[PDB]
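**Student:** Take a look at upload-v7.cif, mmCIF, N, CA, C and O atoms:
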```cif
data_run
#
loop_
_atom_site.label_atom_id
_atom_site.label_comp_id
_atom_site.auth_asym_id
_atom_site.auth_seq_id
_atom_site.Cartn_x
_atom_site.Cartn_y
_atom_site.Cartn_z
N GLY Z 3848 13.98 57.76 17.89
CA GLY Z 3848 13.15 58.91 18.16
C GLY Z 3848 13.22 59.42 19.59
O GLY Z 3848 13.21 60.64 19.80
N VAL Z 3849 13.28 58.53 20.57
CA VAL Z 3849 13.33 58.94 21.97
C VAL Z 3849 14.75 59.35 22.32
O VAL Z 3849 15.72 58.66 21.98
N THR Z 3850 14.89 60.51 22.97
CA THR Z 3850 16.19 61.08 23.28
C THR Z 3850 16.51 61.14 24.76
O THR Z 3850 17.68 61.07 25.13
N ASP Z 3851 15.50 61.27 25.63
CA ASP Z 3851 15.75 61.36 27.06
C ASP Z 3851 16.39 60.07 27.57
O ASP Z 3851 15.99 58.97 27.18
N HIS Z 3852 17.38 60.22 28.44
CA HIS Z 3852 18.16 59.06 28.87
C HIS Z 3852 17.34 58.12 29.74
O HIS Z 3852 17.46 56.89 29.61
N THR Z 3853 16.52 58.68 30.63
CA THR Z 3853 15.68 57.85 31.52
C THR Z 3853 14.72 57.04 30.67
O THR Z 3853 14.64 55.81 30.87
N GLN Z 3854 14.03 57.70 29.73
CA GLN Z 3854 13.05 57.01 28.87
C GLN Z 3854 13.77 55.89 28.09
O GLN Z 3854 13.25 54.76 28.06
N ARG Z 3855 14.93 56.21 27.50
CA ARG Z 3855 15.69 55.20 26.72
C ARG Z 3855 16.05 54.02 27.64
O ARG Z 3855 15.86 52.86 27.22
N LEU Z 3856 16.54 54.31 28.85
CA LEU Z 3856 16.92 53.24 29.80
C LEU Z 3856 15.70 52.34 30.06
O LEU Z 3856 15.85 51.10 29.99
N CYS Z 3857 14.54 52.95 30.33
CA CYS Z 3857 13.31 52.17 30.61
C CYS Z 3857 12.99 51.28 29.40
O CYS Z 3857 12.74 50.07 29.60
N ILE Z 3858 13.02 51.86 28.20
CA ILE Z 3858 12.70 51.08 26.96
C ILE Z 3858 13.66 49.89 26.87
O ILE Z 3858 13.18 48.76 26.64
N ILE Z 3859 14.96 50.12 27.06
CA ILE Z 3859 15.97 49.03 26.98
C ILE Z 3859 15.64 47.97 28.04
O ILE Z 3859 15.60 46.77 27.69
N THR Z 3860 15.39 48.40 29.28
CA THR Z 3860 15.13 47.44 30.38
C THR Z 3860 13.98 46.54 29.97
O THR Z 3860 14.10 45.31 30.14
N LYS Z 3861 12.90 47.13 29.46
CA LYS Z 3861 11.71 46.34 29.04
C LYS Z 3861 12.10 45.42 27.87
O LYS Z 3861 11.96 44.19 28.02
N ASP Z 3862 12.57 46.00 26.76
CA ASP Z 3862 12.90 45.20 25.60
C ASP Z 3862 13.90 44.11 25.91
O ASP Z 3862 13.93 43.10 25.20
N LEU Z 3863 14.71 44.25 26.96
CA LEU Z 3863 15.62 43.18 27.33
C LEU Z 3863 14.86 41.93 27.71
O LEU Z 3863 15.10 40.85 27.16
N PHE Z 3864 13.90 42.06 28.63
CA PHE Z 3864 13.07 40.92 29.02
C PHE Z 3864 12.25 40.42 27.84
O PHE Z 3864 12.15 39.20 27.61
N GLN Z 3865 11.67 41.34 27.06
CA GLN Z 3865 10.83 40.92 25.95
C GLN Z 3865 11.62 40.11 24.92
O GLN Z 3865 11.20 39.03 24.50
N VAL Z 3866 12.79 40.62 24.51
CA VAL Z 3866 13.60 39.95 23.51
C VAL Z 3866 14.19 38.66 24.06
O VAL Z 3866 14.30 37.67 23.34
N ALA Z 3867 14.57 38.64 25.34
CA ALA Z 3867 15.07 37.41 25.93
C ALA Z 3867 14.01 36.32 25.87
O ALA Z 3867 14.29 35.18 25.45
N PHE Z 3868 12.77 36.65 26.25
CA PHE Z 3868 11.70 35.67 26.17
C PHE Z 3868 11.44 35.26 24.73
O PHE Z 3868 11.28 34.07 24.44
N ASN Z 3869 11.40 36.22 23.80
CA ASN Z 3869 11.11 35.89 22.41
C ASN Z 3869 12.17 34.96 21.83
O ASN Z 3869 11.84 34.03 21.09
N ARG Z 3870 13.44 35.21 22.14
CA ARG Z 3870 14.51 34.38 21.60
C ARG Z 3870 14.53 33.00 22.25
O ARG Z 3870 14.78 32.00 21.57
N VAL Z 3871 14.27 32.92 23.55
CA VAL Z 3871 14.43 31.64 24.24
C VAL Z 3871 13.19 30.76 24.07
O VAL Z 3871 13.30 29.60 23.67
N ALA Z 3872 12.01 31.30 24.35
CA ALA Z 3872 10.78 30.52 24.31
C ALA Z 3872 10.47 29.99 22.92
O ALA Z 3872 9.70 29.03 22.79
N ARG Z 3873 11.03 30.59 21.87
CA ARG Z 3873 10.93 30.00 20.54
C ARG Z 3873 11.69 28.68 20.46
O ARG Z 3873 11.40 27.87 19.57
N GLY Z 3874 12.65 28.46 21.35
CA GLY Z 3874 13.37 27.21 21.42
C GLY Z 3874 12.98 26.29 22.56
O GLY Z 3874 13.69 25.31 22.82
N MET Z 3875 11.88 26.57 23.27
CA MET Z 3875 11.41 25.70 24.33
C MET Z 3875 10.05 25.12 23.96
O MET Z 3875 9.34 25.64 23.09
N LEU Z 3876 9.69 24.04 24.64
CA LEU Z 3876 8.36 23.47 24.50
C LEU Z 3876 7.33 24.43 25.06
O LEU Z 3876 7.61 25.22 25.97
N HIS Z 3877 6.11 24.37 24.51
CA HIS Z 3877 5.06 25.30 24.92
C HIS Z 3877 4.74 25.20 26.40
O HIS Z 3877 4.29 26.18 27.00
N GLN Z 3878 4.96 24.03 27.01
CA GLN Z 3878 4.73 23.87 28.44
C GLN Z 3878 5.77 24.60 29.29
O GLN Z 3878 5.48 24.92 30.45
N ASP Z 3879 6.95 24.87 28.74
CA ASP Z 3879 8.02 25.52 29.49
C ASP Z 3879 8.08 27.03 29.29
O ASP Z 3879 8.93 27.68 29.90
N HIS Z 3880 7.21 27.60 28.44
CA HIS Z 3880 7.18 29.05 28.29
C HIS Z 3880 6.78 29.72 29.60
O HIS Z 3880 7.35 30.76 29.97
N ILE Z 3881 5.79 29.16 30.30
CA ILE Z 3881 5.29 29.79 31.51
C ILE Z 3881 6.35 29.79 32.60
O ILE Z 3881 6.45 30.75 33.37
N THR Z 3882 7.16 28.74 32.68
CA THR Z 3882 8.22 28.70 33.69
C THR Z 3882 9.24 29.81 33.47
O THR Z 3882 9.61 30.53 34.40
N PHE Z 3883 9.70 29.97 32.22
CA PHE Z 3883 10.67 31.01 31.92
C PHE Z 3883 10.07 32.40 32.11
O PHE Z 3883 10.75 33.31 32.61
N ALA Z 3884 8.81 32.59 31.72
CA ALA Z 3884 8.17 33.88 31.93
C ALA Z 3884 8.01 34.18 33.42
O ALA Z 3884 8.16 35.33 33.85
N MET Z 3885 7.72 33.15 34.22
CA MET Z 3885 7.64 33.32 35.67
C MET Z 3885 8.98 33.74 36.25
O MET Z 3885 9.05 34.63 37.10
N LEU Z 3886 10.06 33.09 35.79
CA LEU Z 3886 11.39 33.45 36.26
C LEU Z 3886 11.76 34.88 35.86
O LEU Z 3886 12.33 35.62 36.66
N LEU Z 3887 11.44 35.27 34.62
CA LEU Z 3887 11.71 36.63 34.18
C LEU Z 3887 10.91 37.65 34.99
O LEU Z 3887 11.42 38.72 35.33
N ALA Z 3888 9.64 37.34 35.28
CA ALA Z 3888 8.83 38.22 36.10
C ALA Z 3888 9.41 38.35 37.50
O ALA Z 3888 9.42 39.44 38.08
N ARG Z 3889 9.91 37.25 38.06
CA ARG Z 3889 10.54 37.31 39.37
C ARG Z 3889 11.82 38.15 39.33
O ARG Z 3889 12.11 38.89 40.27
N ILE Z 3890 12.58 38.05 38.24
CA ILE Z 3890 13.79 38.88 38.09
C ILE Z 3890 13.42 40.36 38.05
O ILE Z 3890 14.04 41.19 38.72
N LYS Z 3891 12.40 40.70 37.26
CA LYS Z 3891 11.97 42.10 37.20
C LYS Z 3891 11.44 42.58 38.54
O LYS Z 3891 11.69 43.73 38.94
N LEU Z 3892 10.72 41.73 39.26
CA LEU Z 3892 10.22 42.09 40.59
C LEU Z 3892 11.37 42.32 41.56
O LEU Z 3892 11.30 43.21 42.42
N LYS Z 3893 12.43 41.52 41.45
CA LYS Z 3893 13.63 41.77 42.25
C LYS Z 3893 14.26 43.11 41.89
O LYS Z 3893 14.70 43.86 42.77
N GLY Z 3894 14.30 43.43 40.59
CA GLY Z 3894 14.97 44.64 40.15
C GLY Z 3894 14.15 45.91 40.25
O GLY Z 3894 14.72 47.00 40.15
N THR Z 3895 12.84 45.80 40.44
CA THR Z 3895 12.00 46.99 40.45
C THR Z 3895 12.13 47.74 41.77
O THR Z 3895 12.61 47.21 42.78
N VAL Z 3896 11.68 48.99 41.76
CA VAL Z 3896 11.77 49.88 42.91
C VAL Z 3896 10.35 50.18 43.39
O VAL Z 3896 9.48 50.53 42.59
N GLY Z 3897 10.13 50.04 44.70
CA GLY Z 3897 8.84 50.29 45.29
C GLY Z 3897 8.01 49.07 45.60
O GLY Z 3897 6.84 49.22 45.98
N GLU Z 3898 8.56 47.87 45.44
CA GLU Z 3898 7.83 46.65 45.72
C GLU Z 3898 8.57 45.81 46.76
O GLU Z 3898 9.80 45.76 46.75
N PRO Z 3899 7.85 45.16 47.66
CA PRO Z 3899 8.50 44.33 48.68
C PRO Z 3899 9.19 43.13 48.04
O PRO Z 3899 8.95 42.77 46.89
N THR Z 3900 10.04 42.47 48.83
CA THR Z 3900 10.77 41.29 48.31
C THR Z 3900 9.79 40.19 47.98
O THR Z 3900 10.03 39.47 46.98
N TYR Z 3901 8.73 40.04 48.78
CA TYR Z 3901 7.72 38.97 48.57
C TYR Z 3901 8.41 37.60 48.65
O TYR Z 3901 7.89 36.63 48.06
N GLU Z 3902 9.53 37.53 49.36
CA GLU Z 3902 10.30 36.26 49.47
C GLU Z 3902 9.46 35.21 50.21
O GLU Z 3902 9.41 34.06 49.73
N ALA Z 3903 8.83 35.59 51.32
CA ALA Z 3903 8.05 34.61 52.12
C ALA Z 3903 6.95 33.99 51.26
O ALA Z 3903 6.84 32.75 51.22
N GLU Z 3904 6.17 34.84 50.58
CA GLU Z 3904 5.07 34.34 49.72
C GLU Z 3904 5.65 33.44 48.62
O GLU Z 3904 5.10 32.34 48.40
N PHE Z 3905 6.74 33.89 47.98
CA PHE Z 3905 7.38 33.09 46.90
C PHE Z 3905 7.90 31.78 47.47
O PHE Z 3905 7.63 30.70 46.89
N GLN Z 3906 8.62 31.86 48.60
CA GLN Z 3906 9.17 30.64 49.23
C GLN Z 3906 8.01 29.68 49.50
O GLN Z 3906 8.11 28.50 49.10
N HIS Z 3907 6.94 30.17 50.14
CA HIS Z 3907 5.78 29.31 50.35
C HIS Z 3907 5.25 28.77 49.03
O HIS Z 3907 4.99 27.57 48.91
N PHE Z 3908 5.09 29.64 48.03
CA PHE Z 3908 4.58 29.19 46.73
C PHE Z 3908 5.41 28.04 46.18
O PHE Z 3908 4.88 27.15 45.50
N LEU Z 3909 6.71 28.03 46.47
CA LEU Z 3909 7.58 26.98 45.96
C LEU Z 3909 7.52 25.72 46.82
O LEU Z 3909 7.34 24.61 46.30
N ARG Z 3910 7.70 25.88 48.13
CA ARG Z 3910 7.76 24.68 49.02
C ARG Z 3910 6.60 24.71 50.04
O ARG Z 3910 6.87 24.50 51.24
N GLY Z 3911 5.37 24.94 49.57
CA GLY Z 3911 4.21 24.92 50.48
C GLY Z 3911 4.00 23.53 51.06
O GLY Z 3911 3.52 23.44 52.20
N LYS Z 3912 4.34 22.49 50.29
CA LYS Z 3912 4.15 21.09 50.75
C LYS Z 3912 5.00 20.83 52.00
O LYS Z 3912 4.53 20.11 52.90
N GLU Z 3913 6.21 21.41 52.06
CA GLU Z 3913 7.13 21.14 53.20
C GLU Z 3913 6.39 21.41 54.52
O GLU Z 3913 6.50 20.56 55.43
N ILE Z 3914 5.68 22.53 54.61
CA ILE Z 3914 4.90 22.85 55.85
C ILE Z 3914 4.27 21.55 56.38
O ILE Z 3914 3.28 21.09 55.78
N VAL Z 3915 4.83 20.99 57.46
CA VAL Z 3915 4.30 19.75 57.99
C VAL Z 3915 3.04 20.03 58.79
O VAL Z 3915 2.96 21.00 59.55
N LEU Z 3916 2.02 19.19 58.59
CA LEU Z 3916 0.80 19.22 59.38
C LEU Z 3916 0.55 17.81 59.90
O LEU Z 3916 0.53 16.85 59.12
N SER Z 3917 0.36 17.69 61.21
CA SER Z 3917 0.14 16.38 61.81
C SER Z 3917 -1.19 15.79 61.35
O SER Z 3917 -2.14 16.51 61.04
N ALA Z 3918 -1.24 14.46 61.30
CA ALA Z 3918 -2.47 13.77 60.94
C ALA Z 3918 -3.53 14.03 61.99
O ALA Z 3918 -3.35 13.72 63.17
N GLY Z 3919 -4.65 14.62 61.57
CA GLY Z 3919 -5.70 15.03 62.47
C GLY Z 3919 -5.60 16.46 62.95
O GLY Z 3919 -6.59 17.00 63.46
N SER Z 3920 -4.43 17.09 62.80
CA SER Z 3920 -4.30 18.50 63.17
C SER Z 3920 -5.10 19.39 62.23
O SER Z 3920 -5.60 20.44 62.64
N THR Z 3921 -5.20 18.98 60.96
CA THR Z 3921 -5.93 19.79 59.96
C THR Z 3921 -7.42 19.70 60.23
O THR Z 3921 -7.98 18.59 60.13
N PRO Z 3922 -8.10 20.82 60.56
CA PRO Z 3922 -9.54 20.81 60.75
C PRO Z 3922 -10.29 20.69 59.42
O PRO Z 3922 -9.82 21.25 58.41
N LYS Z 3923 -11.41 19.97 59.43
CA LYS Z 3923 -12.21 19.78 58.19
C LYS Z 3923 -13.04 21.04 57.94
O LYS Z 3923 -14.01 21.27 58.69
N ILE Z 3924 -12.68 21.82 56.91
CA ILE Z 3924 -13.41 23.09 56.61
C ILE Z 3924 -14.67 22.75 55.80
O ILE Z 3924 -14.53 22.05 54.77
N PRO Z 3925 -15.87 23.20 56.22
CA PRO Z 3925 -17.09 22.85 55.51
C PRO Z 3925 -17.06 23.29 54.05
O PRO Z 3925 -16.71 24.45 53.78
N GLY Z 3926 -17.40 22.38 53.14
CA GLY Z 3926 -17.44 22.71 51.70
C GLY Z 3926 -16.06 22.67 51.08
O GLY Z 3926 -15.93 23.06 49.90
N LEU Z 3927 -15.05 22.22 51.84
CA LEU Z 3927 -13.66 22.17 51.32
C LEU Z 3927 -13.16 20.72 51.34
O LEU Z 3927 -13.25 20.07 52.40
N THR Z 3928 -12.65 20.23 50.20
CA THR Z 3928 -12.12 18.88 50.12
C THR Z 3928 -10.93 18.75 51.08
O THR Z 3928 -10.33 19.74 51.50
N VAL Z 3929 -10.61 17.50 51.44
CA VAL Z 3929 -9.60 17.25 52.46
C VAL Z 3929 -8.24 17.82 52.04
O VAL Z 3929 -7.55 18.45 52.85
N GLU Z 3930 -7.85 17.60 50.79
CA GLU Z 3930 -6.59 18.18 50.31
C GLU Z 3930 -6.68 19.70 50.26
O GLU Z 3930 -5.69 20.40 50.54
N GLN Z 3931 -7.84 20.24 49.89
CA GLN Z 3931 -8.02 21.69 49.92
C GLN Z 3931 -7.83 22.24 51.32
O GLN Z 3931 -7.14 23.24 51.51
N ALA Z 3932 -8.42 21.59 52.33
CA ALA Z 3932 -8.27 22.05 53.70
C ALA Z 3932 -6.83 21.91 54.18
O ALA Z 3932 -6.33 22.76 54.93
N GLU Z 3933 -6.16 20.83 53.77
CA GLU Z 3933 -4.74 20.68 54.07
C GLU Z 3933 -3.94 21.86 53.52
O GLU Z 3933 -3.12 22.46 54.23
N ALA Z 3934 -4.19 22.23 52.26
CA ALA Z 3934 -3.50 23.36 51.66
C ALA Z 3934 -3.87 24.67 52.36
O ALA Z 3934 -3.03 25.56 52.50
N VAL Z 3935 -5.12 24.79 52.81
CA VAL Z 3935 -5.54 26.00 53.52
C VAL Z 3935 -4.77 26.15 54.82
O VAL Z 3935 -4.29 27.24 55.16
N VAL Z 3936 -4.66 25.07 55.59
CA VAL Z 3936 -3.95 25.15 56.86
C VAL Z 3936 -2.46 25.38 56.62
O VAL Z 3936 -1.80 26.09 57.40
N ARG Z 3937 -1.92 24.83 55.53
CA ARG Z 3937 -0.50 25.07 55.19
C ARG Z 3937 -0.31 26.55 54.84
O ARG Z 3937 0.72 27.13 55.24
N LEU Z 3938 -1.27 27.14 54.12
CA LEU Z 3938 -1.19 28.55 53.74
C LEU Z 3938 -1.38 29.47 54.93
O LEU Z 3938 -0.84 30.58 54.95
N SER Z 3939 -2.14 29.02 55.93
CA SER Z 3939 -2.41 29.84 57.11
C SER Z 3939 -1.17 30.12 57.94
O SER Z 3939 -1.21 31.00 58.80
N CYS Z 3940 -0.07 29.40 57.70
CA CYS Z 3940 1.17 29.68 58.42
C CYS Z 3940 1.72 31.06 58.08
O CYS Z 3940 2.42 31.67 58.90
N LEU Z 3941 1.43 31.56 56.88
CA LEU Z 3941 1.83 32.91 56.53
C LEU Z 3941 1.05 33.92 57.36
O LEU Z 3941 -0.14 33.73 57.61
N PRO Z 3942 1.69 35.00 57.82
CA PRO Z 3942 0.97 36.00 58.62
C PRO Z 3942 -0.20 36.64 57.88
O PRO Z 3942 -1.18 37.03 58.52
N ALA Z 3943 -0.12 36.77 56.56
CA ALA Z 3943 -1.20 37.41 55.81
C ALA Z 3943 -2.46 36.55 55.79
O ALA Z 3943 -3.57 37.09 55.69
N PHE Z 3944 -2.32 35.23 55.90
CA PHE Z 3944 -3.44 34.31 55.82
C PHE Z 3944 -3.74 33.66 57.17
O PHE Z 3944 -4.22 32.53 57.23
N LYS Z 3945 -3.47 34.37 58.27
CA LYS Z 3945 -3.70 33.81 59.60
C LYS Z 3945 -5.18 33.57 59.85
O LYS Z 3945 -5.56 32.55 60.45
N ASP Z 3946 -6.04 34.48 59.41
CA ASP Z 3946 -7.49 34.34 59.55
C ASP Z 3946 -8.14 33.79 58.29
O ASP Z 3946 -9.29 34.14 57.98
N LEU Z 3947 -7.43 32.93 57.56
CA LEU Z 3947 -7.97 32.41 56.31
C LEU Z 3947 -9.15 31.48 56.56
O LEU Z 3947 -10.11 31.47 55.78
#
```
Take the structure in this file and express it as C-alpha cells.
**Tutor:**
Amino acid sequence: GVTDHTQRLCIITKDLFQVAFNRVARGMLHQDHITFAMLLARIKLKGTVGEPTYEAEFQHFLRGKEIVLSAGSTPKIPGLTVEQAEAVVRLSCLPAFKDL
C-alpha cells in the first residue's frame, strides 16, 4: 500500500530490527533477550540521525567498575550504602554527573 520511497525505506529499516529480534530471540533463553535487544537498540542509535554518539556514557555503562577509587577517597554520602556511594563517585567522573 505505501508507495513513497522514504516511507518504504523507514518501514524496511524498522521491520529489519523487529524481524531480526523476532527470529533470533525465539532461539535464545529468556534471560538473553534483553542483551540482544540492547545491542539492536545501540545499533539503531548508531545509525540514527540527530543523536549524539553517547560513547562516553555507554563506555562508562560497560566498564564503570574500572574507574579506580582509592580506599578512603570515596566520601560516605548520607543515606547511601557504601557500594552505592562508591558507584556514585565512579559515576561522577563523567562531566554530566560532576555535581552528582
**Student:** Counting all atoms listed in the file, what is within 7 Å of region 3907-3924 of chain Z, bar same-chain residues fewer than 3 positions away, as a PyMOL selection string?
**Tutor:** chain Z and resi 3901-3904+3927-3929+3932-3934+3936-3938
**Student:** Around region 3897-3905 of chain Z, with edges along x, y and z and 6 Å added on all six sides, what centre and edge lengths do you get, in Å to one decimal, as lines of an AutoDock Vina configuration file?
**Tutor:**
```
center_x = 7.9
center_y = 40.5
center_z = 48.4
size_x = 17.7
size_y = 31.6
size_z = 19.4
```
**Student:** Within 7 Å of region 3849-3864 of chain Z, which residues of region 3869-3926 of chain Z come that close, and what is the closest atom pair and distance in Å for each? Count all atoms listed in the file and give it as a Markdown table.
**Tutor:**
```
| residue | atom | partner | partner_atom | distance |
| --- | --- | --- | --- | --- |
| Z:3869 | N | Z:3864 | O | 4.9 |
| Z:3870 | N | Z:3864 | O | 6.9 |
| Z:3887 | CA | Z:3864 | CA | 6.8 |
```
**Student:** If I take CA of residue 3930 (chain Z) and CA of residue 3900 (chain Z), how far is one from the other in Å, to one decimal?
**Tutor:**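 Result for CA of residue 3930 (chain Z) versus CA of residue 3900 (chain Z): 29.0 Å, one decimal.
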**Student:** So how many Å separate CA of residue 3875 (chain Z) and CA of residue 3895 (chain Z), to one decimal?
**Tutor:**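 It comes out at 26.7 Å.
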**Student:** At what distance in Å, to one decimal, does CA of residue 3947 (chain Z) lie from atom C of residue 3881 (chain Z)?
**Tutor:**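 Computed distance, atom C of residue 3881 (chain Z) to CA of residue 3947 (chain Z), equals 27.8 Å.
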**Student:** Output as a PyMOL selection string all residues of chain Z that backbone DSSP marks as helix (DSSP H, G or I).
**Tutor:** chain Z and resi 3852-3872+3877-3894+3902-3910+3929-3938+3942-3944
